[PDB]
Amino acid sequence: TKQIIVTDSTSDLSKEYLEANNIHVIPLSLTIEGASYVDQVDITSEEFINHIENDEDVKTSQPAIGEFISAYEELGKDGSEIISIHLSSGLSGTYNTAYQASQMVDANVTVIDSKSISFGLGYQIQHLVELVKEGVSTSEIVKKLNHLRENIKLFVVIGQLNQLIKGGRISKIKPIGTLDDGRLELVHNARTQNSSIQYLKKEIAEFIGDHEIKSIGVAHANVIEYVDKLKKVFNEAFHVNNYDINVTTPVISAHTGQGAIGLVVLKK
């Protein structure tokens, strides 16, 4: 009776969490100097960083449609519904490909465009896990996640602007972007790591008003010291109880550059 959850490799949730909650991941790939690697299957994050530091060209790719078709038909084998939630259609063709696959299987699959990435997607997955445990219908789940998204704010501080430009995801010093209905918009330029954090503090204070923070996540492109600077400021400003912190997946850092951070705040 419980729906089965599928996602892609861009949520930045821990492997322990994904495995513990039976979340099936369809991974994206990277092409580095003419050779491709499935993220976290054929290449580790340490290995990826070594390629980047060697000035190598990197591109990313959505999963092949056949990977979705195979997964959906197998997971649906006993008649269970599948809910397949993906990073923003404004950032990747993954969602569209999942939808196409859903029209080519006998299984019953509902595909959701999260309009987000990293913990913005991850927190939707975590809420989805809870709704499935509670027995909520798929149609109601879709509506509830739409409401939840209005309470998520995502910022990214770009590590290497030239990488972001090469990757093509811009829809509209340290550049700072946000997602606007799933599309990446650069909204501010900060002069330093420290000043970027002051900007983010003020923007988060504006976003939350007198609301509590339910979850706060920071994903980072191999720069924990920058994350720690943010935690120190945010601990004083907002008295955060716990952060979700992870090294971001190579598919994301391929676009942001090394030294980037992604801040995600879910308000109550």
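Note that residue numbering follows the sequence shown and begins at 1.
Chemist: How many residues sit between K172 and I173 in the deposited sequence but have no coordinates: none, 1 to 3, 4 to 9, or 10 or more?
Modeler: Count of unmodelled residues in between: 10 or more.
Chemist: Between 129-137 and 190-198, name whichever shows the higher mean Cα B factor according to the PDB entry.
Modeler: According to the entry, 129-137 carries the higher average C-alpha B-factor.
Chemist: Is the mean CA B factor in the deposited entry higher across 177-185 or across 115-123?
Modeler: Averaged over C-alpha atoms, the B-factors run higher in 177-185.
Chemist: For the listed residues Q100, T94, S80, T110, which one has the largest C-alpha B-factor as given in the deposited model?
Modeler: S80 has the highest C-alpha B-factor of those listed.
Chemist: Out of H147, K166, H86, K153, which one has a C-alpha B factor higher than all the others in the entry?
Modeler: Of the options given, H147 has the highest CA B-factor in the PDB entry.
Chemist: What third of the chain, by the recorded C-alpha B-factor, contains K214?
Modeler: According to the entry, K214 has a C-alpha B-factor in the chain's highest third.
Chemist: Within this chain's modelled residues, let me know which third the CA B factor of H220 belongs to: lowest, middle or highest.
Modeler: Lowest third, going by the recorded CA B-factors of the chain.
Chemist: Can you tell me whether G76 has a C-alpha B-factor in the lowest, middle or highest third compared with the other modelled residues of the same chain?
Modeler: For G76, whose C-alpha B-factor we compare with every modelled residue in the chain, the answer is the highest third.
Chemist: For the chain shown, is the CA B-factor of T60 in the lowest, middle or highest third of its modelled residues?
Modeler: Ranked within chain, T60 CA B lands in the lowest tercile.
Chemist: What third of the chain, by the recorded C-alpha B-factor, contains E203?
Modeler: Tercile = middle for this residue's CA B-factor.
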